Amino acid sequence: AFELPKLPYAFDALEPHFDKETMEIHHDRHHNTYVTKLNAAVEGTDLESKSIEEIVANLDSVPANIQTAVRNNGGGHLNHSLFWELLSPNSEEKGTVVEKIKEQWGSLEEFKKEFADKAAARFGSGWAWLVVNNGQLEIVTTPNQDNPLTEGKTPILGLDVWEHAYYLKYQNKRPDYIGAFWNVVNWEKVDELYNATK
């Protein structure tokens, strides 16, 4: 069923912000494992022929016996597939969302400050998200590989704050990693995901 998407750039395309060793491991091992376990959980079930977005949006309906496996690895598959596409070696802070951000938060900087506090505050493994909730933009975080789509909020930007995403280059300094992320945001993709809600 599901497959591991190829990266849209080289492992080292995001240095010096995200290190090449991490990009390789993160994608080829961690993501891939999410795919393997996800396929095992869904094979033989109604979920097999569903899209990853459809599975995660309707995770509350998934049978109790495979719900955790799908929640965690389906989560994993969706979240990382989004993540790779939301990164870019030549981020431009412009476009539809940067403008909606500017209008809602006053500055792009004010927005980053709020995103960074919430992302740093996520205790344990999780993700920080910019989501649209019924037309309105808001910053939420989730534990582990949970995704706001499960609660009917469309994510348009996400940062992975599992320690495996930053430890090799940043060790404990998660605030420095979040700071480096801004330089590699794929705002074009962010736009594409926002405009898909309209």
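Note that residue numbering begins at 1 and tracks the sequence as displayed.
Student: Could you check the entry and say whether 154-162 or 132-140 has the higher mean CA B-factor?
Tutor: Between 154-162 and 132-140, it is 132-140.
Student: If you take the mean CA temperature factor per stretch, which one wins between 68-76 and 94-102?
Tutor: For C-alpha atoms only, the mean B-factor is higher in 94-102.
Student: Looking at the entry's B-factor column for C-alpha atoms only, identify whether residue 125 ranks in the lowest, middle or highest third of its chain.
Tutor: It belongs to the lowest third of the chain when residues are ordered by C-alpha B-factor.
Student: Looking at the entry's B-factor column for C-alpha atoms only, identify whether residue 146 ranks in the lowest, middle or highest third of its chain.
Tutor: As the PDB entry reports it, the C-alpha B-factor of residue 146 lands in the lowest third of its chain.
Student: How does residue 107 rank on Cα B-factor within its chain, lowest, middle or highest third?
Tutor: For residue 107, whose C-alpha B-factor we compare with every modelled residue in the chain, the answer is the highest third.
Student: When the modelled residues of the chain are sorted by Cα temperature factor, does residue 50 land in the lowest, middle or highest third?
Tutor: Tercile = highest for this residue's CA B-factor.
Student: Where does residue 177 sit by CA temperature factor within its chain: lowest, middle or highest third?
Tutor: Its C-alpha B-factor, which the entry lists for residue 177, ranks in the lowest third among residues of this chain.
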